[PDB]
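Residue numbers (the authors' numbering), protein chains in the order written: chain U, 393 to 441; chain W, 253 to 268; chain V, 50 to 69, 81 to 147.
Everything below concerns the one structure shown next.
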Amino acid sequence: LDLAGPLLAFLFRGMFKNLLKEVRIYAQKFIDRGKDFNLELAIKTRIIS
Amino acid sequence: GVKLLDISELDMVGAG
Amino acid sequence: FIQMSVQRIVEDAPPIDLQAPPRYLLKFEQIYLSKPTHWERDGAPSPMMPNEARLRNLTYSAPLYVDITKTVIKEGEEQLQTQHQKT
């Protein structure tokens, strides 16, 4: 019986995967520009929320 | 385990 | 879920590796929650009560922070490890 716990864990997996994909895209974009990315702007917080 | 933060340790970065 | 499974989902995530060359590593280590708070239009945190959430059509939610270690190597055989606390 998947309760709130396993269920929310299942969602949080995909959402954290998507967050890591987003910061990968942002960091690759700014690294290929030759300059350091700001980590705090790389995170799109609205994915999880 | 996940730590708890008190409300006084929340910096006002969410406003900036 | 909150106390254990979230921290495990973060810990078992593979660290992020980026190139152009300048190598960049990202690793998430520790997880933090505060009590459910609310920032008004002034951006001022305040403890949000569930009755307020029912009444004002808010979401009884707690912000989530993570400690992140970025380890950048500029192919000079040196690693700069900068840590952002409570991101």
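No residue lacks a Cβ here, since even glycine has one placed at the ideal position from N, Cα and C.
- Excluding five sequence positions before and after V:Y120, the CB atoms of its chain that fall closer than 8 Å to its own CB belong to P96, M108, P110, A113, given in chain order.
- W:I259 sits in a helix when the DSSP states are folded into three classes.
- DSSP places V:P107 inside the beta strand (DSSP E), whose first and last residues are 105-107.
- For V:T97, the chain W residues whose C-beta falls within less than 8 Å of its own C-beta are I259, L262, listed in chain order.
- Note that the C-beta distance between V:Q143 and V:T129 is below 7 Å.
- Classified as buried, V:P123 has 16 or more neighbouring CB atoms from the shown chains inside 10 Å of its CB.
- Using a Cβ-Cβ cut-off of 7 Å, U:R405 counts as an interface residue toward chain V, since at least one Cβ of chain V sits closer than that to its own.
- With respect to the 7 Å criterion, U:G406 and V:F50 are not classified as neighbours on the basis of their beta carbons.
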